[PDB]
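Shown next as structure tokens: one chain only, the form deposited without nicotinamide.
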């Protein structure tokens, strides 16, 4: 094959370390660090308004339009040295309103019929996310209960920032990604468990 290598953090301290060493070289304004901190205590509220009005902020309250602009700005400084793999956790409503109450049997195991409906609906296709993408350097335990697990592959030089410390209200080994990002679902298979779906997306960029 003609496949490229991505660094996957196999240990928490190794991630925490590489992580903090990237926080240094960013040099974020005081203004942004509070936009990122407010973003971690409101990630739900903001991304919701972002997926909604499909990227338009010229209707958002003043407070917001500014924060949104500040978050975007911050990414001019937060890129990644080399190719990396990030981990995200999602609930069924992520795949669609139809998988909401169809994806998992009351046994907790994944329904192989709904799984195929999804595999056909997304495999080898590009998805577009309107809000920001919170992720982790590893499959931390704040996912693991979540039925869907995406594994992003981010290319050298792409916007990605280790905001773990910048906000105390940032998840474990948290790594933010720019809004409006577009990735390509390259693989879907069930965990060697029975309950999950292990997606393998390939990021491309943000427009």
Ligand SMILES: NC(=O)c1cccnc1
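Residue numbers count along the first chain shown, from 1.
- When the two stretches 76 to 84 and 90 to 98 are set side by side, the higher mean Cα temperature factor goes to 76 to 84.
- Stretch comparison (55 to 63 versus 144 to 152) by mean CA B-factor in the PDB entry places 55 to 63 on top.
- Residue-level temperature factors show residue 184 in the lowest third of its chain, judged at the C-alpha atom.
- When the CA B factors of the chain's modelled residues are split into thirds, the value for residue 71 lands in the middle one.
- Compared with the other modelled residues of the chain, the Cα B-factor recorded for residue 110 ranks in the highest third.
- In the PDB entry, residue 32 places in the highest third of its chain by CA B-factor.
- In the PDB entry, a CA B factor belonging to the highest third of its chain's modelled residues is recorded for residue 167.
Below, we turn to the form deposited with nicotinamide bound, even though it does not appear here.
- Remark: open binding site. Placing nicotinamide in the deposited bound form onto this structure by local C-alpha superposition gives no atom within 2.4 Å of a backbone or C-beta atom.
- For the residues 179, 159, 146, 153, the 4.5 Å heavy atom test against nicotinamide in the deposited bound form is passed only by 146.
- Among heavy atoms of residue 134, some come within 4.5 Å of nicotinamide in the deposited bound form.
- For the chain shown alone, residue 88 is a contact residue for nicotinamide in the deposited bound form, at least one non-hydrogen atom being within 4.5 angstroms.
- Although the partner is absent from this view, residue 172 contacts nicotinamide in the deposited bound form, with a non-hydrogen atom inside 4.5 angstroms.
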